């Protein structure tokens, strides 16, 4: 039996569906998912409505509610699940890594994976850096582009706390990937980290092989700092 909070959310979202918007929204995600057609501002309000009426469920039900929402067809339910997980943030710890892994590799796409990785997993590994090597090597070795992207992006927001040796090691392992979502994640994490340490990122990109997309994205801004040499 579906949890009453999830049932209430399903009814309320469905009552406000927009088939006209659902079409372009589904196309944007390359038709991997059905959509109700509800964009983020309204989707968060509809969740708010249900929390106001029912109250947020006891923490004992947290993982259950996330999984039930994950199993519903329309993409807005996974987006809502992530909003709900943020509400239970203070209950999440290192013991939830496998739970988060399973979310990464089910109903997988860039929208859900990017919402799980730099935030929830990033925070966990900042608190428990000793656990990185229990997961990152397996992720990289896996057949799964989303675990590979997770390995790249978990340090995205680390700024001065970035483990540079680790970042570059991870990138080195994945630099030959022909997968767009890997090449782009490499570009993104380098571009972001260059905001903290431009010299290190510039040196890396000039001295290590990267896919063209990865390099181009990495230096999107810092090419202004260093210049674009004449090629002849």
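What we label the rigid core is the largest C-alpha set whose atoms superpose within 1.5 Å from one form to the other. Residue numbers count along the first chain shown, from 1.
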*Any chance you could tell me whether 37-45 or 23-31 drifts more in 4 other deposited structures of this protein, judged by RMS CA distance from this form after superposing on the core?*
23-31
*Per the PDB record, is the mean Cα temperature factor higher over 156-164 or over 80-88?*
156-164
*Given 183-191 and 30-38, the range whose Cα B-factors average higher in the PDB entry*: 30-38
*Which of these, 205, 171, 56, 64, has its C-alpha atom at the highest B-factor, as the entry lists it?*
56
*Taking the values exactly as deposited, rank residue 143 by C-alpha B-factor within its chain and report the matching third: lowest, middle or highest.*
highest
*Can you work out whether the C-alpha temperature factor of residue 44 puts it in the lowest, middle or highest third of the chain?*
middle
*What third of its chain's C-alpha B-factors does residue 114 belong to: lowest, middle or highest?*
middle
_Taking only the Cα B-factors deposited for this chain, tell me whether residue 130 sits in the lowest, middle or highest third._
highest
*By the record's CA B-factor, is residue 201 among the lowest, middle or highest third of residues in the chain?*
lowest
